[PDB]
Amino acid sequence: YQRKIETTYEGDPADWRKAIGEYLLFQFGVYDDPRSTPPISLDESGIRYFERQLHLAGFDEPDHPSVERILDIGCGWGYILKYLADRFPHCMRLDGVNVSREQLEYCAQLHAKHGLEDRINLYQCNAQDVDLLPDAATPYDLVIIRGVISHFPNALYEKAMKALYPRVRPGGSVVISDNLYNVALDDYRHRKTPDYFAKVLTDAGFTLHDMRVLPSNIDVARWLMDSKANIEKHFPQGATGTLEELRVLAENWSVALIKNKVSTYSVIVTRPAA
């Protein structure tokens, strides 16, 4: 299982920057932010989407909880952790978990470029093993799971949430983005529905704060077709590996989004007080 994930994300980050943007954010974007000046890049749409999730989780309210420890589960190429270090300058502990050694090497380089290595800790760790993270005595105020659970089988997703719940502070937020199938059954010719997806979280003990389609189907399609155009512009001789797979997937996934067969969801849950 884990070797397949490692193979998927082992490619040169410089090639990925040409495909998905300089920030290497890989869970779509929003094209509706009044602060965005068109044309809207993948970097811009991705960050504005993440900012909208933090807004929906209550972090623009002046009396939100003090963000003292952060976890990013499946932290990709590390820009969400960089953004969060800038967003919460008083947060002196941000932890990233990832199975991809190539992505973690890039994360360490990005964080070192910004002098963030004393605030951001990196762990080569499966999501199911978050119970192994150091200092259980300091719970997490904010946990990010951005485009990761779609890579998990149902047993792994349930096991990971069971491991995560004790590590979240009461009143702390888990801010999730994932790619779901809108209906349980489609014509014959890691599938999760919204009801199933939310029930894993509430069964684990979390309380729903907000769940909605975000980005919109047409915004996810825009992100995919802009990434496809980037790959075709920057690899005119032909793409290889995961970037060729993304180029092909962009059209098929965009069609499914236009037909409303699949959507991307923002899912925010909190740990309740005992």
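Start at 1 and count along the sequence shown; that's the residue number.
Visitor: Are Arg189 and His190 truly consecutive in the deposited sequence, or are residues between them missing coordinates? Give the number as none, 1 to 3, 4 to 9, or 10 or more.
Guide: The entry leaves 10 or more residues without coordinates here.
Visitor: Could you check the entry and say whether 71-79 or 177-185 has the higher mean CA B-factor?
Guide: 177-185 has the higher mean C-alpha B-factor.
Visitor: Mean CA temperature factor from the deposited coordinates, higher in 12-20 or in 257-265?
Guide: According to the PDB entry, the answer is 12-20.
Visitor: Quick one: which of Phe50, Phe59, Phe235, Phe26 shows the highest Cα temperature factor in the PDB entry?
Guide: Each of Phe50, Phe59, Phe235, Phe26 was compared by C-alpha B-factor; the highest is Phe235.
Visitor: In terms of recorded Cα temperature factor, pick the maximum from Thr240, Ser45, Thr37, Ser227.
Guide: Across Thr240, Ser45, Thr37, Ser227, the entry lists the biggest C-alpha B-factor for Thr240.
Visitor: Lowest, middle or highest third: which one holds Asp86 when the chain's residues are ordered by CA B-factor from the entry?
Guide: For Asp86, whose C-alpha B-factor we compare with every modelled residue in the chain, the answer is the middle third.
Visitor: Please rank the C-alpha B-factors of the chain's modelled residues and tell me whether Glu105 sits in the lowest, middle or highest third.
Guide: Middle third of the chain for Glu105's C-alpha B-factor.
Visitor: Determine, from the deposited record, the chain-internal third of the Cα B-factor for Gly171: lowest, middle or highest.
Guide: Middle third of the chain for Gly171's C-alpha B-factor.
Visitor: What third of the chain does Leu249 rank in for C-alpha temperature factor, lowest, middle or highest?
Guide: Highest third, going by the recorded CA B-factors of the chain.
Visitor: Would you please rank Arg119 by its C-alpha temperature factor against the other modelled residues of its chain and give the third it falls in: lowest, middle or highest?
Guide: Tercile = middle for this residue's CA B-factor.
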